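Undergrad: Pasting a structure below so you can have a look.
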Amino acid sequence: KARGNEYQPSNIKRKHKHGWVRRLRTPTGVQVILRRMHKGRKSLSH
Amino acid sequence: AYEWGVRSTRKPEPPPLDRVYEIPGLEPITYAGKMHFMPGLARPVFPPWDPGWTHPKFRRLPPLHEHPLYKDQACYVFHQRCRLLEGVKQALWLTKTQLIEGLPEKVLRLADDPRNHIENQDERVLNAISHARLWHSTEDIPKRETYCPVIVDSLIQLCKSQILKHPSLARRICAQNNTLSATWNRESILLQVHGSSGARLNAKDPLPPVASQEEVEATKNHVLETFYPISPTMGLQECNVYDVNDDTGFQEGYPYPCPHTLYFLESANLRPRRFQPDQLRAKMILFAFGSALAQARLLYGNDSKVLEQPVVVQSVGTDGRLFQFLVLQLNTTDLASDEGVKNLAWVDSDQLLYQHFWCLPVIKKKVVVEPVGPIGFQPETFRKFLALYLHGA
Amino acid sequence: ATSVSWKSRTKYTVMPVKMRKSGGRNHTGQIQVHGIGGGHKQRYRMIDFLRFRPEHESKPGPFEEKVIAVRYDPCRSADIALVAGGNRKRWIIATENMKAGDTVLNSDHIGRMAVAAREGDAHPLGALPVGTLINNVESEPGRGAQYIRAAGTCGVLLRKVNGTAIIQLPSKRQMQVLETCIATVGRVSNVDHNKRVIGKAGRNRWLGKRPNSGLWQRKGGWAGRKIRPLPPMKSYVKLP
Amino acid sequence: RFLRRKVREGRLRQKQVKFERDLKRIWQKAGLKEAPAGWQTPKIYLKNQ
RNA sequence: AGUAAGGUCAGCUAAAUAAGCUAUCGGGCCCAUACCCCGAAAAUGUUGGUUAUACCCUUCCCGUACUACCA
RNA sequence: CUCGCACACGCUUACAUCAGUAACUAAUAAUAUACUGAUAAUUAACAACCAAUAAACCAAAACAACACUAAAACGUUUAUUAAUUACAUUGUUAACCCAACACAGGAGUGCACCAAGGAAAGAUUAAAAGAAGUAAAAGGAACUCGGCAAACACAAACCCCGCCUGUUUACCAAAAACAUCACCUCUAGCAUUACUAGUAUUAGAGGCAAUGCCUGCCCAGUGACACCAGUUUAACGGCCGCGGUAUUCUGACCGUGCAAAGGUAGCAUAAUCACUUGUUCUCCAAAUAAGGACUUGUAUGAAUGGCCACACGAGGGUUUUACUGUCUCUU
RNA sequence: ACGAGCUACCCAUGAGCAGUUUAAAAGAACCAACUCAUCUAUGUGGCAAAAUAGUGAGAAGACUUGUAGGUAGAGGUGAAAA
Ligand SMILES: [K+]
Ligand SMILES: [K+]
Ligand SMILES: [K+]
Ligand SMILES: [K+]
Ligand SMILES: [K+]
Ligand SMILES: [K+]
Ligand SMILES: [K+]
Ligand SMILES: [K+]
Ligand SMILES: [K+]
Ligand SMILES: [Mg+2]
Ligand SMILES: [Mg+2]
Ligand SMILES: [Mg+2]
Ligand SMILES: [Mg+2]
Ligand SMILES: [Mg+2]
Ligand SMILES: [Mg+2]
Ligand SMILES: [Mg+2]
Ligand SMILES: [Mg+2]
Ligand SMILES: [Mg+2]
Ligand SMILES: [Mg+2]
Ligand SMILES: [Mg+2]
Ligand SMILES: [Mg+2]
Ligand SMILES: [Mg+2]
Ligand SMILES: [Mg+2]
Ligand SMILES: [Mg+2]
Ligand SMILES: [Mg+2]
Ligand SMILES: [Mg+2]
Ligand SMILES: [Mg+2]
Ligand SMILES: [Mg+2]
Ligand SMILES: [Mg+2]
Ligand SMILES: [Mg+2]
Ligand SMILES: [Mg+2]
Ligand SMILES: [Mg+2]
Ligand SMILES: [Mg+2]
Ligand SMILES: [Mg+2]
Ligand SMILES: [Mg+2]
Ligand SMILES: [Mg+2]
Ligand SMILES: [Mg+2]
Ligand SMILES: [Mg+2]
Ligand SMILES: [Mg+2]
Ligand SMILES: [Mg+2]
Ligand SMILES: [Mg+2]
Ligand SMILES: [Mg+2]
Ligand SMILES: [Mg+2]
Ligand SMILES: [Mg+2]
Ligand SMILES: [Mg+2]
Ligand SMILES: [Mg+2]
Ligand SMILES: [Mg+2]
Ligand SMILES: [Mg+2]
Ligand SMILES: [Mg+2]
Ligand SMILES: [Mg+2]
Ligand SMILES: [Mg+2]
Ligand SMILES: [Mg+2]
Ligand SMILES: [Mg+2]
Ligand SMILES: [Mg+2]
Ligand SMILES: [Mg+2]
Ligand SMILES: [Mg+2]
Ligand SMILES: [Mg+2]
Ligand SMILES: [Mg+2]
Ligand SMILES: [Mg+2]
Ligand SMILES: [Mg+2]
Ligand SMILES: [Mg+2]
Ligand SMILES: [Mg+2]
Ligand SMILES: [Mg+2]
Ligand SMILES: [Mg+2]
Ligand SMILES: [Mg+2]
Ligand SMILES: [Mg+2]
Ligand SMILES: [Mg+2]
């Protein structure tokens, strides 16, 4: 009833959803890594 | 029929081989040279892995028939955790015994005499029950695996204190987790009692026979009860690897070669985990016979014959609230035939030591109805327990 | 993500096995059957449908077993009874009046004259009398019982012609089957399962049924009392 | 028919109420203040099976 | 207000080849009445225009009918 | 005056010692758990990491003695193998985390409610208005849409709609809406991922809402089935005019026409177009309110359900009793 | 393409419900922890992009709750509030 705190931290969930391993398991995920490498991002993924 | 496998759960079959392998006289091009997967190249087929030097942990398990003791004949093994359906009937059939209700006259007359009672027997046993179930643990509700061996050991100490009045109880000593094996042939099938026991008591001098010669002769005409739909073997473990060597728990020259009492404890929190009282009495019949049969063959020989000097082995089963008492006498070694002399076994069933215990005071309508302490007490159950312990002396 | 079905056990065992609910979700993860989920946790008992199954192939003759106990099975609406014989035990569906300490005969020998029909015995349809109530019907020889297993459901044999038996299913539909198929004589246990009354909405949730959707759908042309002639007899006999 | 249905139910309620007063008089004249514990007067003049 | 829409023997209907049933009038049958059988009479709401009329259109009159909503 | 110690999850040196704060950070000052610089620290017994196969075993947790229905997490032993060789690696601080903030918000478990943890007032004057709290003469709902709020009150009865507990529009509607036990209609004779390790007393696609008394008539149209005639309304839906007739009134009855049948039982000025503040009685000094009757409602009506009742309700309306600054009238 | 760490529902694995009234652990009753949010007053760039104070409903179940997994926009999910 008081929104604004939708982010509840959790390392298990964060590394399972946005981790480096998951990014390389799906063909669409690899393209996300390729786009960030081309753009010059400092952190490709969590 | 309806096989219990499921296609999805079962391991998938290997993928079909590439068409290149089907062409005779054509060497396929594989990616094994680059030792990594590459699309467009045929999948290599490798020979089964053959490590030059065998490694203990990481090698495949050897086949069962590779063991030197493997034998074609199927031998049946009865360990601690084997359940028998017709517990009293199957144990009687496999052992060739006759069930006699009530403890023997020697045991029962040894407890009714007031000259064989500990000081404050009623009071000390009452404290032993309270100590076992409420006092021995910091928690309010001790679990069964904690108070099942405590109550048995507490009662042993009570009857151990009688050594001052009878200076012959010093000939007894206890043994723990010994390896016992006894193999005998029973009507063209091979049985073996193998495993361990909870607690064992041994005495230097053998236990005198308890059955009169009148009862032994009457045992010849007794006919063992039979059950057609259920084979006697049901409930045992079928093992193809075994050794036909009756091995007791001790080597030669042991100063206590005569076992006296076996203590079986059913300690488990969950109801299905523990033995049923009918099945528990079966567990005592075979193990008491296994110890008895070991002496009957060590002291006389491997030849099968009727024993002129019987061997008597006692055993007590405990649940923590209900007790089982068994006295077994062995008379026959040639168990192949069912027409000879049968053995004897006196069994007292469901000797309730106490009805119920209240760890906390029950309160109904803001008043105390039943205070802390056991509800109902039957001293005769302990009195019989004391009788078995003093049977040797 | 693809899930794994809990039906992974390969060897038959009388002890209850662990069971995982589905909730109507297929292997993909989407809802396919609505109104299922959130039930009380249950364990599954391995039920041997094939009544005739010798312990060993050395002696293919008829064998007789003994009933130990009759228990309640959460999965099916009937009551299963533990049956032991030889060196193995089996869970089979109990008939109307099967109790502890009873003997059950399983046989397949198709005799010419007849065989007396008992309340628990299983005989091939070729040896049973014409007016016999049966359950656990085996559609094809060796396939196993598939039909008539609910509580209180019993089919009646009709006639045996040219070495082929015709039975009446509980849906009042005639079925044709070879006379060598094994069947069990009697009515399935828990006869008053239909007369059970659910006292509250919560008991439905305990069973494992979720409430229906609240969308109000106007009735179409499918509704209304439909009178339709009985479909023709379903035959599993392959005519050469 | 439905006029008699209303009256029959109306007379039954008065029959039950008058029965309650008779039981209520018994314990009040006996000296008690409340009806004996565990005693709930049943509705005898109620449709059952 | 607007729109829609109808009138036919005393009555109600179908056709415009103005018919059918009933009512009404006369006679027969019966002790008398009714039923029944026989015979006769009877009308196109109104004005005008529709080759000329009628079913149509128009005028007059009676009565019927729907709608009158967003702020 | 009282949300205190510790673990898990999270945050990541913000913690500790010493020194400095003209200025940066604290919404101010003193000052330093919060700003700057240097130096220093959490030491494993607790916690993470921490064998495989075959076989025996139908028998619940609730002080569990023994039982209930919804049928229930929680394993031992035997056999065959398992590198055998002090000291391995890793988490140990904190006044902290998610909400743009040093935010009156959000936050799981164990044990206490304290022995522990904290400060409502920066200094004054004591105007109006506003917010919160206490008390009051005589009167006790005369206030007002409503007794909203407040009260030394903390009770009694009637009606309407839903049976009931429950559920929903996170952030203007918590209800009379949805769900629900019950009843009924409909579709399916069956195997390895749903339904289901099930098999018509089963399982799906829906309607209507317990119980009790009932659920009338209509397959012409549409839809469905049969896939032909036809069969189905607890399938969508429907369930009539004109004229005359017993002194008068009313219309049992009669003539005539159209329909697949012509609204049956019941209830009723209702939450039910308008007429409408229908008429009448009771309640009040006074009644467009409330309850009970009369009743063509020409637009009520029978599982798009009619009707009656117990219990229940932070729903909607009325009455009595008790209380009170709601109000006469404010202090 | 990326999102079910909030929320709707489900699958795993855990953890809570003290006292009081009754043969009752009965979707019973009184009342806390706990969970929802009925009514009114403050607040309206506020302490808060939905809160505080008083008062309320449930409180052994169709109940609350932690960890983690599943369903993704022509869809998911829904005791239909679009
Ligand atoms: K069942
Ligand atoms: K931090
Ligand atoms: K008013
Ligand atoms: K509510
Ligand atoms: K039709
Ligand atoms: K009224
Ligand atoms: K309500
Ligand atoms: K997820
Ligand atoms: K706040
Ligand atoms: Mg955000
Ligand atoms: Mg969360
Ligand atoms: Mg099921
Ligand atoms: Mg339904
Ligand atoms: Mg509905
Ligand atoms: Mg931060
Ligand atoms: Mg400060
Ligand atoms: Mg300093
Ligand atoms: Mg610092
Ligand atoms: Mg702020
Ligand atoms: Mg202050
Ligand atoms: Mg100030
Ligand atoms: Mg002021
Ligand atoms: Mg004031
Ligand atoms: Mg006051
Ligand atoms: Mg006053
Ligand atoms: Mg007034
Ligand atoms: Mg006024
Ligand atoms: Mg209002
Ligand atoms: Mg109020
Ligand atoms: Mg009203
Ligand atoms: Mg309700
Ligand atoms: Mg009602
Ligand atoms: Mg409610
Ligand atoms: Mg809302
Ligand atoms: Mg609200
Ligand atoms: Mg009915
Ligand atoms: Mg009803
Ligand atoms: Mg409803
Ligand atoms: Mg309704
Ligand atoms: Mg109807
Ligand atoms: Mg038709
Ligand atoms: Mg009326
Ligand atoms: Mg009404
Ligand atoms: Mg009206
Ligand atoms: Mg009003
Ligand atoms: Mg008023
Ligand atoms: Mg009225
Ligand atoms: Mg109507
Ligand atoms: Mg309908
Ligand atoms: Mg209606
Ligand atoms: Mg009720
Ligand atoms: Mg009310
Ligand atoms: Mg008053
Ligand atoms: Mg989630
Ligand atoms: Mg309680
Ligand atoms: Mg309750
Ligand atoms: Mg909510
Ligand atoms: Mg509040
Ligand atoms: Mg408040
Ligand atoms: Mg107040
Ligand atoms: Mg309450
Ligand atoms: Mg309540
Ligand atoms: Mg995705
Ligand atoms: Mg959609
Ligand atoms: Mg919901
Ligand atoms: Mg709606
Ligand atoms: Mg809408």
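From first to last, the protein sequence lines are chains BJ, Bm, BL and AD. Each residue of the first sequence is one higher than the last, beginning at 50 in the deposited numbering. Each residue of the second sequence is one higher than the last, beginning at 30 in the deposited numbering. Each residue of the third sequence is one higher than the last, beginning at 61 in the deposited numbering. Each residue of the fourth sequence is one higher than the last, beginning at 151 in the deposited numbering. Ideal Cβ positions, reconstructed from N, Cα and C, are used throughout, including at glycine.
I believe residue 291 of chain Bm touches residue 317 of chain Bm by the beta-carbon criterion, under 8 Å. Please report the beta-carbon distance rounded to the nearest angstrom.
TA: For the purposes of this step, residue 291 of chain Bm is taken as the residue at position 262 of the second sequence. For the purposes of this step, residue 317 of chain Bm is taken as the residue at position 288 of the second sequence. Right, the Cβ-Cβ distance comes to about 6 Å (below 8 Å), so this counts as a contact.
Undergrad: Could you tell me which of Bm:327, Bm:257 and Bm:262 sits nearest to residue 210 of chain Bm, measuring between CA atoms?
TA: Residue 210 of chain Bm sits at position 181 when you count from the first residue of the second sequence. Comparing Cα positions, the closest option is Bm:327.
Undergrad: Do the CB positions of residue 153 of chain Bm and residue 187 of chain Bm come within less than 8 Å of each other?
TA: In the second sequence, the residue the question calls residue 153 of chain Bm occupies position 124. In the second sequence, the residue the question calls residue 187 of chain Bm occupies position 158. Yes, the pair counts as a contact, with Cβ atoms nearer than the cut-off.
Undergrad: Considering residue 186 of chain Bm, what are the terminal residues of the beta strand (DSSP E) in which it resides?
TA: For the purposes of this step, residue 186 of chain Bm is taken as the residue at position 157 of the second sequence. Per DSSP, residue 186 of chain Bm belongs to no beta strand (DSSP E); it is in the alpha helix (DSSP H), 173-189.
Undergrad: Is residue 137 of chain Bm closer than 8 Å to residue 416 of chain Bm when the C-beta atoms are compared?
TA: The count along the second sequence starts at 1 and reaches residue 416 of chain Bm at position 387. The count along the second sequence starts at 1 and reaches residue 137 of chain Bm at position 108. In contact: residue 416 of chain Bm and residue 137 of chain Bm (Cβ atoms closer than 8 Å).
Undergrad: When the cut-off is 8 Å and only beta carbons count, does residue 33 of chain Bm lie next to chain BL?
TA: Working through the second sequence from its first residue, we reach residue 33 of chain Bm at position 4. True, the Cβ-Cβ gap to chain BL drops below 8 Å.
Undergrad: When DSSP labels each residue in this structure, what does residue 92 of chain BL get in the three-state scheme?
TA: Taking the third sequence and counting its residues from 1, the one referred to as residue 92 of chain BL is at position 32. Residue state, collapsed to three classes: coil.
Undergrad: Check whether chain Bm comes within 8 Å of residue 110 of chain BL, counting only Cβ atoms and requiring the distance to be less than that.
TA: Locating residue 110 of chain BL in the third sequence gives position 50, where the first residue counts as 1. Chain Bm, which has a Cβ nearer than 8 Å to the Cβ of residue 110 of chain BL, makes this yes.
Undergrad: Examine chain BL for any beta-carbon lying closer than 8 Å to the beta-carbon of residue 38 of chain Bm, and answer yes or no.
TA: What you label residue 38 of chain Bm is simply residue 9 of the second sequence in a count that begins at 1. Closer than 8 Å to some Cβ of chain BL, the Cβ of residue 38 of chain Bm qualifies, so yes.
Undergrad: Counting pairs of Cβ atoms below 8 Å between the region 208-226 of chain Bm and the region 72-87 of chain BL, do you hit three or more?
TA: no
Undergrad: Taking only beta carbons into account, state which residues of the region 228-261 of chain BL come closer than 8 Å to chain Bm, listed in chain order.
TA: none
Undergrad: Using a Cβ cut-off of 8 Å (strictly closer), state whether residue 296 of chain BL contacts chain Bm.
TA: Translated into positions along the third sequence, residue 296 of chain BL becomes position 236. Chain Bm contact via Cβ: absent.
Undergrad: Using the three-state DSSP reduction, which class does residue 235 of chain BL fall into: helix, strand or coil?
TA: The sequence position of residue 235 of chain BL within the third sequence is 175, counting from 1. Residue 235 of chain BL: strand per DSSP, three-state reduction.
Undergrad: Per DSSP, which residues does residue 203 of chain Bm bridge with? Please list them.
TA: Position 174 of the second sequence holds residue 203 of chain Bm. Answer by DSSP bridge pairing, in chain order: Bm:230.
Undergrad: Less than 7 Å between C-beta atoms, sequence neighbours within five positions excluded: which residues of the same chain meet that for residue 166 of chain AD?
TA: Within the fourth sequence, residue 166 of chain AD is the residue found at index 16, counting from 1. Around residue 166 of chain AD: 193 and 195.
Undergrad: Beta strand (DSSP E) containing residue 157 of chain Bm: first to last residue?
TA: Mapped onto the second sequence, residue 157 of chain Bm falls at position 128. First-last for residue 157 of chain Bm: 150-159, but that is the alpha helix (DSSP H), not the beta strand (DSSP E).
Undergrad: Please report the distance separating the alpha-carbon of residue 105 of chain Bm from that of residue 323 of chain Bm.
TA: Numbered from its first residue, the second sequence carries residue 105 of chain Bm at position 76. Numbered from its first residue, the second sequence carries residue 323 of chain Bm at position 294. In a straight line, the C-alpha of residue 105 of chain Bm is about 17 Å away from that of residue 323 of chain Bm.
Undergrad: Which one of Bm:218, Bm:205, Bm:239 and Bm:146 has the shortest CA to CA distance from residue 195 of chain Bm?
TA: Taking the first residue of the second sequence as 1, we reach residue 195 of chain Bm at position 166. Nearest option by C-alpha distance: Bm:146.
Undergrad: I need the straight-line Cα distance from residue 250 of chain BL to residue 138 of chain BL, nearest angstrom please.
TA: As a first step, residue 250 of chain BL is located in the third sequence; it is residue number 190 there, counting from the start. As a first step, residue 138 of chain BL is located in the third sequence; it is residue number 78 there, counting from the start. Spanning the two alpha carbons is a distance of roughly 6 Å.
Undergrad: Where does residue 249 of chain Bm fall in DSSP's three states?
TA: For this step, residue 249 of chain Bm is matched to residue 220 along the second sequence. Helix, per DSSP.
Undergrad: Just to check my reading of the structure: residue 217 of chain BL and residue 194 of chain BL have Cβ atoms closer than 8 Å, yes? What is that Cβ distance to the nearest angstrom?
TA: In the third sequence, counting from the first residue as 1, residue 217 of chain BL sits at position 157. In the third sequence, counting from the first residue as 1, residue 194 of chain BL sits at position 134. Indeed, because the Cβ distance is near 6 Å, the residues count as touching under 8 Å.
Undergrad: With a threshold of 16 other CB atoms inside 10 Å of the CB of residue 82 of chain Bm, please say whether the residue is buried or exposed.
TA: For the purposes of this step, residue 82 of chain Bm is taken as the residue at position 53 of the second sequence. With fewer than 16 Cβ atoms within 10 Å of its Cβ, residue 82 of chain Bm is classed as exposed.
Undergrad: Listed in chain order, which residues of the region 97-115 of chain Bm have Cβ atoms closer than 9 Å to some Cβ of chain BL?
TA: 114
Undergrad: For residue 126 of chain BL and chain Bm, any beta-carbon pair shorter than 8 Å?
TA: Residue mapping note: residue 126 of chain BL aligns to position 66 of the third sequence, counting from 1. Interface residue, yes.
Undergrad: Let me know the secondary structure DSSP gives residue 428 of chain Bm once reduced to three states.
TA: The requested residue 428 of chain Bm is not part of the displayed model; chain Bm covers only 30 to 422.
Undergrad: Going by DSSP, name the residue or residues bridged to residue 359 of chain Bm.
TA: Position 330 of the second sequence, counted from the first residue, corresponds to residue 359 of chain Bm. Residue 359 of chain Bm pairs with Bm:340.
Undergrad: Using CA atoms only, rank isn't needed, just tell me which of Bm:228, Bm:383, Bm:368 and Bm:340 is closest to residue 350 of chain Bm.
TA: Stepping through the second sequence from its first residue, residue 350 of chain Bm is reached at position 321. Of all alpha-carbon atoms in Bm:228, Bm:383, Bm:368 and Bm:340, the one lying nearest the alpha-carbon of residue 350 of chain Bm is that of Bm:383.
Undergrad: Starting from residue 210 of chain Bm, follow its DSSP beta bridges and name the residues at the other end.
TA: In the second sequence, the residue the question calls residue 210 of chain Bm occupies position 181. Residue 210 of chain Bm is bridged to Bm:223.
Undergrad: Go through its chain and collect everything with a Cβ distance to residue 96 of chain Bm's Cβ below 6 Å, but skip five positions before and after it.
TA: If you number the second sequence from 1, residue 96 of chain Bm lands on position 67. 270, listed in sequence order.
Undergrad: Would you say residue 129 of chain BL faces chain Bm, with C-beta separation under 8 Å as the test?
TA: Working through the third sequence from its first residue, we reach residue 129 of chain BL at position 69. So, not an interface residue.
Undergrad: If I follow the unbroken alpha helix (DSSP H) through residue 170 of chain AD, where does it start and stop?
TA: The residue labelled residue 170 of chain AD in the question sits at position 20 within the fourth sequence. Residue 170 of chain AD -> alpha helix (DSSP H) spans 152-179.
Undergrad: Would you say residue 380 of chain Bm and residue 354 of chain Bm are within 8 Å of each other, going by their C-beta atoms?
TA: Counting from 1 along the second sequence, the entry for residue 380 of chain Bm is found at position 351. Counting from 1 along the second sequence, the entry for residue 354 of chain Bm is found at position 325. Yes.
Undergrad: Based on the DSSP output, what are the partners of residue 184 of chain BL in its beta bridges?
TA: Residue 184 of chain BL sits at position 124 when you count from the first residue of the third sequence. Answer is BL:242, bridged to residue 184 of chain BL.
Undergrad: Given 8 Å as the limit, is there contact between the region 236-250 of chain BL and the region 174-194 of chain BL, that is, 3 or more CB pairs closer than that?
TA: The region 236-250 of chain BL, when compared against the region 174-194 of chain BL, does touch it at the 8 Å Cβ threshold.
Undergrad: Return yes when the Cβ of residue 98 of chain BL is within less than 8 Å of the Cβ of residue 265 of chain BL, no when it is not.
TA: In the third sequence, the residue the question calls residue 265 of chain BL occupies position 205. In the third sequence, the residue the question calls residue 98 of chain BL occupies position 38. Taking 8 Å as the Cβ cut-off, residue 265 of chain BL and residue 98 of chain BL qualify as a contacting pair.
Undergrad: Please tell me whether residue 228 of chain BL and residue 215 of chain BL are closer than 8 Å, where the distance is taken between their beta carbons.
TA: As a working note, residue 228 of chain BL is residue 168 in the third sequence. As a working note, residue 215 of chain BL is residue 155 in the third sequence. Yes.
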